[PDB]
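In: coords please:
(one chain, ligands or ions: 4)
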Amino acid sequence: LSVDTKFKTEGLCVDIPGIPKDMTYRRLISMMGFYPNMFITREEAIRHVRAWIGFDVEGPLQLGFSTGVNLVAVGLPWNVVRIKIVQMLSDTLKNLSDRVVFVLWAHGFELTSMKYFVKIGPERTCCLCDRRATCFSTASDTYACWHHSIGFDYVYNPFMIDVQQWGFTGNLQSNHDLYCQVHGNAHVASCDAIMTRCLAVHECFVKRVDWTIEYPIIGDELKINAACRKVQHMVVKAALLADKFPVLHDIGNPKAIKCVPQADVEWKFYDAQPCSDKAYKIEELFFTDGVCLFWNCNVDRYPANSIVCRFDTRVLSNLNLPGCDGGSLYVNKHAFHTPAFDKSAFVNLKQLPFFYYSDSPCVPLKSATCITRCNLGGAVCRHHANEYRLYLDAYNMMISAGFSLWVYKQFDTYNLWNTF
Ligand SMILES: O=C(NCc1nc(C2CC2)cs1)c1cc[nH]n1
Ligand SMILES: [Zn+2]
Ligand SMILES: [Zn+2]
Ligand SMILES: [Zn+2]
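Out: Numbers count the residues shown, from 1 in each chain. Ligands and ions are numbered 1, 2, ... in the order given. Okay, here it is:
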């Protein structure tokens, strides 16, 4: 974002009466009392969604953050408030991003408060590792990343974006409430901060959707994705073996592949991209023959003859970010906004029980859920013991990452034993 780009100042003129209508970012930064630009484009913001922290200041000043924290600066003086800000941001962001992006609905006080807890300069590295520096300490004159900032007092080279520059009519609440009923306005700064981030997420990940953007690996992305593939193949293979459906309706990703390539079923594909806003209405999408597979195809009510994987947006993890209207922004390689988990969608189904099935050739493993020829015969062999434990690990990884599994009520693993 060029510092010579124009900044629309109308939103700031109640806190800053007389502000010039003609204003560049260069001038704004100077007026703020201060790494080419502190402010960033929407495109840069979207790439760094994991770093978004909503931030509002209301006038003694109340500072609100999308973390829910409200701090009062006078109430405590800025030299202690800034220490809290560093700690809060470090703990929130250390496992998410290499920076912070303050998401604003700027009316003035937030921008003029930055001088009191922000320092800027050349891009730097941490004193104790190779990560970029996000904090500065006036005590030791050293720099740190989010992981090594304990006892640091200033945020260093933060980034920020004013949502009000995107072309809105009306105030924050009126624009936020058009899309979301989950964040109230309790007239605390943190409430505005949360609404501001929520509006931003909606505009960039619900209204618009860019699946070309890739996001760095920050956790168990790869293990989770491999487990999801392993579980999908297991559950679908077993379902076809147990109930011998003549046809399978695979509803979802237009680029989906047969997950059980050696199955005898008639495999029919139906295209549906991830629904970012509201769950798909089954009436519109639609199938009573055979079985329907909804692998991360979120519908309002699944048919009774279904196999389902549905992401639970309430799960707490470094991959799952708070979203809009109860939804969550799941960032795993790509960013997927996901409508809120709704248990009523599974009323026609039941939870899929854990099991391990294998027809491959054959501490000792004892388990009622190791469905193998050797267990049928009384003693699980080493190979299938090894594979059972690896599958169980993958199964638990995918559950812990927030995915939930559902199946037609007639599904019975007892029917798999006679495949041997
Ligand atoms: O009234 C809001 N916050 C309450 C406030 N307390 C202070 C100071 C400690 C005395 C300033 S403002 C509000 C309005 C919109 N969002 N929050
Ligand atoms: Zn470090
Ligand atoms: Zn909201
Ligand atoms: Zn075996």
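
In: which element is residue 385 on?
Out: In the assignment (DSSP states H and E), residue 385 maps to helix 382-400.

In: ok, and what's touching that helix?
Out: 220, 223-224, 226-228, 230-231, 234, 317, 354, 356, 358, 360, 362, 364-365, 367, 370, 372, 374-375, 380 (Cβ atoms under 8 Å, 6 or more residues apart in numbering). All C-beta spots, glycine's among them, are computed from the backbone N, C-alpha and C.

In: right, and the helix or strand after the helix or strand containing residue 173?
Out: If you go by DSSP H and E, residue 173 is part of helix 172-176. Toward the C-terminus, helix 172-176 is succeeded by helix 189-201 as the next helix or strand (DSSP H and E).

In: check the offset of that next one from the chain's centre.
Out: 16 Å (Cα atoms, centre = their mean, to the nearest Å).

In: give me the packing partners of whatever helix or strand comes next after that helix, helices and strands only.
Out: Downstream of helix 189-201, the next assigned helix or strand under DSSP H and E is helix 221-243. Using 3 or more Cβ pairs under 8 Å, 6 or more residues apart in numbering; DSSP states H and E, the elements in contact with helix 221-243 are strand 291-295, strand 306-311, strand 328-332, strand 356-357, helix 382-400, strand 403-408.

In: so what's the closest residue to residue 64 other than its chain neighbours up against?
Out: Excluding the flanking residues, the one nearest residue 64 by Cβ to Cβ, 6 or more residues apart in numbering is residue 189, at 2.5 Å. The contact partners of residue 189, by Cβ under 8 Å, 6+ apart, come to 56-58, 62-64, 70.

In: doesn't residue 50 belong to a helix?
Out: Yes. Looking at residue 50 with DSSP: H, G, I helix; E, B strand; the rest coil, it is inside a helix.

In: ok, how many other residues are close to it?
Out: Residue 50 has 21 neighbouring residues, counting by other Cβ atoms under 10 Å.

In: so how far is ligand 1 from the spatially closest residue to residue 413 that is not a sequence neighbour?
Out: Excluding the flanking residues, the one nearest residue 413 by Cβ to Cβ, 6+ apart is residue 355, at 4.8 Å. Separation of residue 355 from ligand 1 (Cβ to the nearest ligand atom, to the nearest Å) stands at 52 Å.

In: can we start the residue count at 40 from this point?
Out: With the count now opening at 40, the last piece we talked about shows up as residue 394.

In: wait, residue 394 sits on residue 407?
Out: No. Contact criterion Cβ atoms under 8 Å: residue 394 and residue 407 do not qualify, at 9.1 Å.

In: what about these two, which has more around it?
Out: Neighbour count, other Cβ under 10 Å: between residue 394 and residue 407, residue 394 has more, with 19 against 8.

In: OK, contacts around the more buried one?
Out: Residue 394 neighbours (Cβ under 8 Å, 6+ apart): 277, 408, 410, 452, 455.

In: could you measure from it over to residue 227?
Out: Separation of residue 394 from residue 227 (Cβ to Cβ, to the nearest Å) stands at 49 Å.

In: then residue 309?
Out: For residue 309, the distance to residue 227 equals 46 Å [Cβ to Cβ].

In: and for residue 200?
Out: The gap separating residue 200 from residue 227 is 22 Å, by Cβ to Cβ.

In: what subset of the contacts of helix 421-439 is buried?
Out: Buried subset of the contacts of helix 421-439 (neighbour count, 16 or more other Cβ atoms under 10 Å): 259, 263, 266-267, 269-270, 273, 356, 395, 397, 404, 409, 411, 413-414, 419.

In: closest to ligand 2 among these?
Out: Nearest to ligand 2 among the buried ones among the contacts of helix 421-439: residue 259, at 21.7 Å, using Cβ to the ion.

In: taking the contacts of residue 228 together, which two end up most distant?
Out: Spatial extent of the contacts of residue 228 (Cβ to Cβ) is set by the pair 96 and 109 at 10.4 Å.

In: can you list residues touching both of those two?
Out: Shared contacts of residue 96 and residue 109, defined by Cβ under 8 Å, 6+ apart, comprise 102-103, 228.

In: can you list those residues in JSON lines and add distance to residue 79?
Out: Formatted as JSON lines, those follow (distance: Cβ to Cβ, whole Å):
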{"residue": "102", "distance to residue 79": "21"}
{"residue": "103", "distance to residue 79": "21"}
{"residue": "228", "distance to residue 79": "22"}
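
In: wait, which of the residues you listed is closest to ligand 1?
Out: residue 228 (4.5 Å; Cβ to the nearest ligand atom).

In: would you mind measuring from residue 322 to residue 173?
Out: Using Cβ to Cβ, residue 322 is found at 49 Å from residue 173.

In: so those two - more neighbours on which side?
Out: The neighbour count for residue 322 versus residue 173, taken as other Cβ under 10 Å, is higher for residue 173 (29 against 9).

In: what about that one, distance to ligand 4?
Out: For residue 173, the distance to ligand 4 (Cβ to the ion, to the nearest Å) stands at 52 Å.

In: likewise for residue 75?
Out: Noted for residue 75: a distance of 62 Å to ligand 4, by Cβ to the ion.

In: can you check residue 392 too?
Out: For residue 392, the distance to ligand 4 equals 21 Å [Cβ to the ion].
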